[PDB]
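Inspection log for the structure reproduced underneath, given as structure tokens.
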There are 4 protein chains.
Amino acid sequence: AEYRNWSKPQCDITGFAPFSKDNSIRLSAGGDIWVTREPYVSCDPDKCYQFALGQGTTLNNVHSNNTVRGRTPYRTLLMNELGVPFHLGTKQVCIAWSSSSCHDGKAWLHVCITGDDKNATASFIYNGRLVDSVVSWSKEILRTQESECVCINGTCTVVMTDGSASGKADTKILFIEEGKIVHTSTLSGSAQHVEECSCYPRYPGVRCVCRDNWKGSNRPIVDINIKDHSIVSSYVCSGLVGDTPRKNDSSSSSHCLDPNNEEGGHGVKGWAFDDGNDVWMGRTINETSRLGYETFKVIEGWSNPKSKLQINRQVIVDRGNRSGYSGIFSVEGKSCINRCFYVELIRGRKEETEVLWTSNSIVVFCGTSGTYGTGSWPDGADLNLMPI
Amino acid sequence: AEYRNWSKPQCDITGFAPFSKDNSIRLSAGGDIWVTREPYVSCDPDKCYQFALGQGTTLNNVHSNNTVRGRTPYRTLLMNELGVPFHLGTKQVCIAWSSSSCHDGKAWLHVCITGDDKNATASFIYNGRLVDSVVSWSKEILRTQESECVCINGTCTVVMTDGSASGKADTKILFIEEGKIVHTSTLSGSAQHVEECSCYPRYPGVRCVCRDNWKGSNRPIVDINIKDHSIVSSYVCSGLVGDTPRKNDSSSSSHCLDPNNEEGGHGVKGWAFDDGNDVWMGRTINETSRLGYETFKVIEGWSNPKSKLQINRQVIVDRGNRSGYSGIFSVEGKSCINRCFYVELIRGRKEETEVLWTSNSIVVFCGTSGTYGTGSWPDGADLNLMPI
Amino acid sequence: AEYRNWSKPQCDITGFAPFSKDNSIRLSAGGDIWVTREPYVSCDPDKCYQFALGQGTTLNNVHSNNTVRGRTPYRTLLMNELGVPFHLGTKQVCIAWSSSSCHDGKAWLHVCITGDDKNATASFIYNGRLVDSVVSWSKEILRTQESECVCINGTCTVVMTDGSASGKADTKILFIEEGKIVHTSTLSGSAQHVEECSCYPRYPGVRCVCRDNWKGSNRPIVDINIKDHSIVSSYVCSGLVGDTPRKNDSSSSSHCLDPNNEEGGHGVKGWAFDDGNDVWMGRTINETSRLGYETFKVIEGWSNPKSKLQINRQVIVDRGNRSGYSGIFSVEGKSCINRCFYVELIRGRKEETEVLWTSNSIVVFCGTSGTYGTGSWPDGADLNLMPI
Amino acid sequence: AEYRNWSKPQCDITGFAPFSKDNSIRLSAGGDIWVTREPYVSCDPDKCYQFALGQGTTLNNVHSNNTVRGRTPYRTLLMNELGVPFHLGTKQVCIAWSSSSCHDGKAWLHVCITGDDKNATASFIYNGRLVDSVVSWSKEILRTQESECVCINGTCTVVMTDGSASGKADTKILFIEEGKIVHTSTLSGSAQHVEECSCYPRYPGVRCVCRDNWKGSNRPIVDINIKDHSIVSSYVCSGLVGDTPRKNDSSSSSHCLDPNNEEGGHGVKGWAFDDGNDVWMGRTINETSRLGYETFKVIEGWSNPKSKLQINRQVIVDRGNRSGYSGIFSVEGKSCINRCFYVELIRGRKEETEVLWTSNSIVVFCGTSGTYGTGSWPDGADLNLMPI
Ligand SMILES: *[C@@H]1O[C@H](CO)[C@@H](O[C@@H]2O[C@H](CO)[C@@H](O[C@@H]3O[C@H](CO[C@H]4O[C@H](CO)[C@@H](O)[C@H](O)[C@@H]4O)[C@@H](O)[C@H](O[C@H]4O[C@H](CO)[C@@H](O)[C@H](O)[C@@H]4O)[C@@H]3O)[C@H](O)[C@H]2NC(C)=O)[C@H](O)[C@H]1NC(C)=O
Ligand SMILES: *[C@@H]1O[C@H](CO)[C@@H](O[C@@H]2O[C@H](CO)[C@@H](O[C@@H]3O[C@H](CO[C@H]4O[C@H](CO)[C@@H](O)[C@H](O)[C@@H]4O)[C@@H](O)[C@H](O[C@H]4O[C@H](CO)[C@@H](O)[C@H](O)[C@@H]4O)[C@@H]3O)[C@H](O)[C@H]2NC(C)=O)[C@H](O)[C@H]1NC(C)=O
Ligand SMILES: *[C@@H]1O[C@H](CO)[C@@H](O[C@@H]2O[C@H](CO)[C@@H](O[C@@H]3O[C@H](CO[C@H]4O[C@H](CO)[C@@H](O)[C@H](O)[C@@H]4O)[C@@H](O)[C@H](O[C@H]4O[C@H](CO)[C@@H](O)[C@H](O)[C@@H]4O)[C@@H]3O)[C@H](O)[C@H]2NC(C)=O)[C@H](O)[C@H]1NC(C)=O
Ligand SMILES: *[C@@H]1O[C@H](CO)[C@@H](O[C@@H]2O[C@H](CO)[C@@H](O[C@@H]3O[C@H](CO[C@H]4O[C@H](CO)[C@@H](O)[C@H](O)[C@@H]4O)[C@@H](O)[C@H](O[C@H]4O[C@H](CO)[C@@H](O)[C@H](O)[C@@H]4O)[C@@H]3O)[C@H](O)[C@H]2NC(C)=O)[C@H](O)[C@H]1NC(C)=O
Ligand SMILES: *[C@@H]1O[C@H](CO)[C@@H](O[C@@H]2O[C@H](CO)[C@@H](O)[C@H](O)[C@H]2NC(C)=O)[C@H](O)[C@H]1NC(C)=O
Ligand SMILES: *[C@@H]1O[C@H](CO[C@@H]2O[C@@H](C)[C@@H](O)[C@@H](O)[C@@H]2O)[C@@H](O)[C@H](O)[C@H]1NC(C)=O
Ligand SMILES: *[C@@H]1O[C@H](CO[C@@H]2O[C@@H](C)[C@@H](O)[C@@H](O)[C@@H]2O)[C@@H](O)[C@H](O)[C@H]1NC(C)=O
Ligand SMILES: *[C@@H]1O[C@H](CO[C@@H]2O[C@@H](C)[C@@H](O)[C@@H](O)[C@@H]2O)[C@@H](O)[C@H](O)[C@H]1NC(C)=O
Ligand SMILES: *[C@@H]1O[C@H](CO)[C@@H](O)[C@H](O)[C@H]1NC(C)=O
Ligand SMILES: *[C@@H]1O[C@H](CO)[C@@H](O)[C@H](O)[C@H]1NC(C)=O
Ligand SMILES: *[C@@H]1O[C@H](CO)[C@@H](O)[C@H](O)[C@H]1NC(C)=O
Ligand SMILES: *[C@@H]1O[C@H](CO)[C@@H](O)[C@H](O)[C@H]1NC(C)=O
Ligand SMILES: *[C@@H]1O[C@H](CO)[C@@H](O)[C@H](O)[C@H]1NC(C)=O
Ligand SMILES: *[C@@H]1O[C@H](CO)[C@@H](O)[C@H](O)[C@H]1NC(C)=O
Ligand SMILES: *[C@@H]1O[C@H](CO)[C@@H](O)[C@H](O)[C@H]1NC(C)=O
Ligand SMILES: [Ca+2]
Ligand SMILES: [Ca+2]
Ligand SMILES: [Ca+2]
Ligand SMILES: [Ca+2]
Ligand SMILES: [Ca+2]
């Protein structure tokens, strides 16, 4: 086994094709399925695995009540092969209400945060063993990506924030080798608030596209230079913006360095990446809430804060169906690195009062250099008919 | 791991021996089992896998109501080892209301079609990743085999159809190397309508025996040449025809070039293969309905359209129980390529109104050069006793 | 991977140590467990597998009614790693209401029989593909061992019977190389009725201890020469006799060549093996019924038929508890071949009328050259409480 | 594949990081989970496994009543990958009401004990086959570690006891090569009563921290020389003692050689290990019943029976919640050997009478040389809302 260098060009992309659906909730009206949230996908060199933070309970289960809650000691990171839904034989790989995993070509790294809000613990687990742990530095909800980390030449990076959800917070980038935190750069550049980054390998370094929970409804970018541990940061220029909430298509605007100050509060995890001076991005369809899910290309949207020219729209989930978190992952082809993404399909509380639980299912698309059509692929469960 | 070439002669066949039964429905009365239809069987160099098209629901499950429906955004392609019923630990390999799959000696190809009726998308998945996709070309229910594809020297082939189900349609044959659509030949020859081909290797090409849904109760044949991509086609000469509905044995007739025009409309997926000038074929035992299942050799049935001389019959499913789709697969023996087939045993709606769902189980026989006896192997669930 | 030769001295045995137990019936009151009968154990070079004949149903399932029946089309051979109870992810490896399996060092052979009572088919499955089959020869319930077969230098041997359960039946021994029947030898020597042979390797031959459903309460021995395919047969001399029914310890007697004629009608599958001129053997504790199980050694039990001198008695299952079929299998130690055995633990109809089903769990013991104690390991379910 | 030698220095330990939690009781409220007690953790070179002792029943079952009982013939030793809950497809690896396991580099070894209280039997199962067995010597409950054994150069040591739980009793140390009992030295030194040892490699020997159930709330230490098979023994010096029950912190005293005589009756399985002349150790928070769980470092606590200076306290389970047995396991890193530990979270009878069953879940923590914070990880099920 050799370490992944990811030293290949990005695959040509014309949009994304259908790849996976798990049907989790539909399956839990007549099965034993875990209650989850903040799912994501990552792949070893052969195949892809789906992750989630469980709630330490199944759905048809009295312990399902009040699983809207985001941190409990009973939360663990679930790991299955992609498209094997989270059944009772599912492996909980570490204790965590916040997590990030990646495979460096030789083994899996997992980053797992659990414990008190003010004194949380991050564990670093590699080749099935604990190798390290750092402590919460600002004492306010140590948290990480909720999607895959990236590993170049055996050096894996992960972005972590401790701090205010609504003011300056303390963001750091760790560099992990065979499970050991070898360096710790602190955030730099113009990004003013950073959360749940969707990172991808852009040789010779790593690029991430994040959530700004404070004053931006445009999206932070982070460059990460893997050799000298340096960081620069900014915002996704595209005048069509990827956070939720945000203003409508006619009003909005963006900046290449600063938060647009537009409904900037709150947000949703999301993803975008670059194709020359253009930008591929996904986002919710509804501008203020977590309904529907679209991707597209904005022409010159990577390098022009004034561009609002989308081509290649694809509806993933239609505006009548709930979406949620979403992130990126990278798959290595014979000739190129492909970009793929997942979409958390949230059901239940607080938005849906037909039940007492909160959970998700998931849908995964992958870039293609070929052709595709339309469709829609929601969660498809009926809550009025669900275990009451 | 070298590519499969299948460059061994077809095994001496005196008939078929019992190979596999999954018992899916009876089990789903006392366990959480997937609702499925359109199963098939394919096998890697070491062992055999069963596939099927899930309904994103288990049987004892409120979402099972209405699963008679062909295309939903929740249908996914399920894959287990042969004889492992579709339990909740079953992997979904892609989103699909129409698929095919083959292993090429090195890795699995899946051809998965999902999306809108008028704008379907086919994804091509190889060695664990999306490598390609085509849109619907005629915008009228893009569909493929519902059984194994075939790969020789690392080029795999699949047959797809877009367009009318009761008039001329647009059938193409795709050639695929490591998940990459490398050529697209268009259908040619006498065959006038084509659906759901059951293809076998037959060095140095591939042979398919399909379903004409338009004016044929005789079955289409499709020859595929692999090195130059040329396609010819015709019908199965035998005067005892393989489709359902059809005319009875005294009344029916056939042609080697055109459809026969006898109850030709509609159909069922089925299979045949040649042995010199003789034809082995399975079919249903009722003329108009998917009841029972039989197999036999029609002597000179591959090259004389008047021949109705059948020998070596066997009742696979007795005339009073339910059959359905049926297809071939080829298994590489020590000295020869053998031929086997599964039979979909469809139960429930709309033919059976004791329940609200529609599902299948399966039985599998394999070619034998040895000896054998008689029996019947239906689904054997009581729908009078099933889930509410 | 080399073939098994089994060419090592047989291990020293002082009695048997506990090895495995599946508590299947106990689990089936709070889980989905297969209904089975006629279980057995066979090991690959690395580890053991547990086998059984299914009823195409789990226990908490409406279809479990009249699982007393011994031949339906819904019966399959189930195969798990030893210890892993028959849950829904259990593989059904072939269609069988009578089976025998065994690993030759390179791959598994399975010998499965299904079909009509008067025309059944035995399928031979090797390295995951169908390689041969044979028709019933006497048209009267073709059956086989219901426990492991034995393979030497890549030649496997299995004993099958077809014919009357209460008169002269037609017993044959097959030699199967890589799934292919290379020879069929008919039964020879002095044994007058043969069924359900528990066979073990004994370099260079194979040897089997069987059941006489006809006139014997002593046990047929069959002896198979693997190179020149010769058969002899006789009975287990021991005045202590292993079949059930039988006369009591004081009243019973035996014979080295003929059936004792003492309560010979009916029987049970059991086992024995030589230890110089002595015999180790198991049997039900009760004379006329399938209650309790015991093993002991009988000094000069292999060669002198007047001997009734037992020693090293062990109670495996106490006399107030149900037992059943039992059979031998051999595990290869570093320097010698060990000998182990399984006791079927039958619960349900028609002996126990509290429930409508008929199922079993199992317990497994292995030869030791060490010291051991006492105990009793029954099935331990309470049927006064099981489903309905 | 070479034997494990464990010939690396012990890793720096500043404390413990969260590693795994299995949430077994909460899951059993809506899913089929085994009833277990006396769980523990051991790892092959690649990955860890959670073992436990099954009550031969799942939780939602009639057979779960009276699982408070310690020894029945339905108990088996369960084995899953760490973080995979004891679901229906979990392997039962041998019959055991008391057990121990280690991997020696090449394969697994299981020491399992079952049978009559006064004539128990212990089976030694190595690389999937029974290699040995010894009877109960003092005919008063042969029992063993209930946590991992330890192997060095392919020789495994395990500690067993036969005799009184409140008096002199007979402890022995077995030395096992590939499942073969090669030698047996008996207990020697000032250790007066020894049970349930939590052992760990300490090249070139093995050391163990045990339970004294007779006169000592300090914990026996046992040192095992692997080369001359010689045994010394004593007690953990630290003034804060590891047993439950015990006196409070201002009353407690120890002794390096003899039992303290302080509420010395009864006990709980627990662990400690040396770090220079300091000791690392865990224990229940509450001094007299199994409530809460804590770990800390005692400065000079390994060598000075007067030292009561603890540093680095961590609460694993808060004092409102239930703990139980806890043991140690060792994990080989690149440079050094890490120490880890599990905690049993016992729920139900006798202490809690809302339900009729007794079962557990586990939480697991690992040595770290990095940093950490606080938290509490109880079992977290609601027995009020549990199955009747
Ligand atoms: C089968 O499926 C295919 C593939 O998904 C569909 O083709 C896509 O259709 C979408 C939707 O129309 C296209 O996305 C849109 O592109 C527009 C640009 O289109 C033209 O204009 C420019 C500039 O003059 C030309 O250069 C270019 O060649 C085009 O002719 C954008 O304007 C769209 O954005 C606007 O529309 C959406 C609604 O669609 C609004 O909600 C937005 O806010 C915005 O106002 C959008 O980006 C996409 O490019 C097509 N892709 C491909 C590869 O063909 C087929 O339509 C479908 N077939 C059927 C029968 O449904
Ligand atoms: C035990 O199991 C074996 C194996 O399955 C059975 O043997 C098979 O039996 C079937 C059914 O009879 C045979 O198939 C039939 O072949 C007929 C050919 O007739 C003759 O063929 C030659 C010479 O002509 C002779 O060798 C032979 O003796 C025959 O007399 C076909 O005409 C049959 O088709 C017609 O009948 C069926 C109903 O049976 C109709 O439904 C058809 O539409 C059609 O009108 C039929 O195909 C088969 O060849 C046998 N195989 C072998 C290997 O022997 C035994 O039947 C079974 N035994 C018992 C006692 O149950
Ligand atoms: C702890 O566990 C061990 C191992 O299981 C037990 O020791 C075994 O005890 C059994 C039962 O008594 C023994 O089996 C019996 O052997 C007898 C041999 O006769 C004597 O001769 C030998 C050698 O000459 C002497 O060493 C010895 O003293 C014997 O007395 C047979 O005669 C017995 O058969 C009769 O008894 C049984 C039931 O008791 C009847 O059902 C039969 O029909 C028959 O009439 C019997 O076979 C066995 O050999 C012992 N094994 C070993 C290895 O020593 C301990 O008993 C047990 N301890 C406790 C307290 O339970
Ligand atoms: C975030 O997370 C970390 C990690 O858990 C916490 O830091 C630990 O805090 C605990 C609890 O206080 C510390 O353990 C305690 O250590 C005392 C040491 O005494 C002093 O002396 C040293 C130098 O000799 C100084 O460095 C230190 O500042 C101390 O003043 C022990 O004496 C304590 O034992 C007594 O208290 C406990 C209750 O705490 C009683 O139950 C005992 O019986 C006894 O009376 C105690 O064990 C631990 O050392 C810290 N570890 C580290 C690495 O710093 C943070 O507290 C936490 N932050 C927040 C805000 O929660
Ligand atoms: C269990 O099986 C028996 C036998 O199949 C069932 O009893 C038979 O039911 C049929 C149709 O209802 C009757 O015509 C017969 O008279 C019955 N036969 C016998 C031998 O009794 C019985 O109903 C089944 N039990 C359940 C609960 O379904
Ligand atoms: C569901 O839970 C509601 C809110 O309960 C709160 O959160 C839970 C997890 C507990 O910690 C509890 O003490 C809190 O009050 C309840 O009001 C409601 O009764 C529950 N519903 C059911 C059906 O149990
Ligand atoms: C079962 O469904 C019946 C009709 O189904 C209709 O079409 C499909 C696509 C469903 O999604 C459904 O919502 C539509 O109404 C219903 O009329 C009937 O009430 C249903 N029965 C039960 C028991 O739920
Ligand atoms: C639960 O069990 C109680 C105690 O009975 C004991 O345990 C069972 C398993 C048997 O071995 C019995 O002979 C023992 O005395 C019962 O007294 C009680 O009723 C049981 N409760 C229920 C609900 O079944
Ligand atoms: C967009 O939002 C603003 C609300 O601030 C509104 O004035 C404007 O008309 C909206 N435009 C459209 C096209 O919805
Ligand atoms: C956004 O979401 C809410 C959900 O209640 C809906 O009522 C509103 O109309 C949506 N608006 C748009 C423009 O999609
Ligand atoms: C077959 O059925 C049709 C009825 O439409 C008829 O042409 C013919 O007479 C039938 N043949 C036999 C043998 O019944
Ligand atoms: C075919 O099936 C139908 C439906 O029950 C039946 O009524 C009919 O008689 C069958 N036809 C023949 C020829 O057996
Ligand atoms: C054995 O059975 C016979 C009946 O044939 C009876 O007379 C005798 O008492 C029995 N002997 C023993 C030892 O049970
Ligand atoms: C067998 O059971 C019967 C009662 O059904 C009993 O009388 C007979 O003696 C039993 N044999 C033994 C050895 O217990
Ligand atoms: C410890 O636990 C016991 C058992 O319930 C309880 O009575 C007692 O109050 C506790 N003691 C302390 C000091 O917390
Ligand atoms: Ca925002
Ligand atoms: Ca259930
Ligand atoms: Ca047709
Ligand atoms: Ca008999
Ligand atoms: Ca004590």
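Miscellaneous remarks
- Here, chain C has an Rg and a Dmax of 19.2, 56 Å when only alpha carbons are counted.
- Euclidean distance between Cα centres, the range B:174-250 to the range D:60-132, Å: 57 Å
- Packing order of peptides C:73-82, A:256-265, highest average first: C:73-82, A:256-265 (average count of other Cβ atoms within 10 Å over each peptide's residues).
- The calculated Kirkwood hydrodynamic radius for the range A:1-156 is 16.8 Å, given to one decimal from all distinct C-alpha pairs.
- Computed from backbone phi, the HN-Hα couplings of the range C:281-296 come to 7, x, 4, 5, 5, 5, 6, 10, 10, 9, 10, x, 9, 9, 10, 7 Hz, rounded to whole numbers (Karplus: 6.51 cos²θ - 1.76 cosθ + 1.60, θ = phi - 60°; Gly and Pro given as x).
- Measuring between alpha carbons in the structure, the pairs from A:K297/B:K118; B:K21/B:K269; C:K350/D:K139; B:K180/C:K180 lying more than 29 angstrom apart are C:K350/D:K139; B:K180/C:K180.
- Most fluctuating residue given options A:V343, A:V268, A:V315, as computed from a GNM of chain A linking Cα atoms under 10 Å: A:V315
- Residues whose amide H lies under 5 Å from that of B:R202, counting only those 5 or more places away or on a different chain, are B:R207; hydrogens are built 1.01 Å from N in the peptide plane.
- Shielding of B:118-125 by partner chains, average beta-carbon count, 10 Å: 6
- Highest average packing first - A:115-126, C:23-34, B:219-230, Cβ atoms within 10 Å: C:23-34, A:115-126, B:219-230
- Label point 7 Å beyond Cα along the C-beta direction, distances from A:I311 to other copies (nm, shortest first): 6.6, 6.6, 9.4
- Each residue of the range B:222-238 was assigned a 3J(HN,Hα) from its phi angle through the Karplus expression (A = 6.51, B = -1.76, C = 1.60, θ = phi - 60°), giving 9, 7, 10, 9, 8, 7, 10, 6, 6, 10, 10, 7, 5, 10, 6, 2, 2 Hz with x at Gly and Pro.
- Cα gyration tensor category, rounded, prolate or oblate, for the protein assembly as shown with a/c compared to 1.5: oblate
- Taking every residue in C:105-117 and counting other chain Cβ atoms within 10 Å of its Cβ, the average works out to 2.
- Whole-Hz couplings from phi, Karplus 6.51/-1.76/1.60, listed for the range D:301-317; x for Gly and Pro: x, 8, 10, 10, x, 9, 4, 10, 8, 9, 10, 6, 5, 9, 8, 8, 10
- Taking amide H positions as modeled 1.01 Å from N, with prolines and chain starts lacking one, the residues under 5 Å from B:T36 and 5 or more places away or on another chain are B:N360.
- Charge tally in the Cβ shell below 11 Å around C:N260, where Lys, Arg are +1 and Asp, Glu are -1, C:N260 excluded: -1
- Taking every residue in A:64-76 and counting other chain Cβ atoms within 10 Å of its Cβ, the average works out to 3.
- Put simply, the amide H of B:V150, placed in the peptide plane, has neighbours under 5 Å in B:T157, leaving out anything fewer than 5 places away on its chain.
- The helix-based estimate of mean residue ellipticity at 222 nm for the protein assembly as shown, built from -39,500 (n - 2.57) per DSSP H run of four or more residues and divided by its residue count, is 0 deg cm²/dmol to the nearest 500.
- Total formal charge among the other residues, if their Cβ is under 9 angstrom from that of D:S138, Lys/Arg +1 and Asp/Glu -1: -2
- Peptide packing for D:299-308, A:10-19 was compared via the average number of neighbouring C-beta atoms within 10 Å per residue; ordered from the highest value, the list is A:10-19, D:299-308.
- Charge dipole of chain D about the Cα centre (unit charges at C-beta), most positive-ward option of D:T368, D:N127, D:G327: D:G327
- C-alpha center-to-center spacing [the range B:285-364, the range C:282-329] in angstrom: 49 Å
Where a number appears in this text, it was derived from the coordinates with a stated rule and is not lab data. Positions of Cβ are generated from backbone atoms using ideal geometry, with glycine treated the same way; all protein chains shown enter the neighbour counts.
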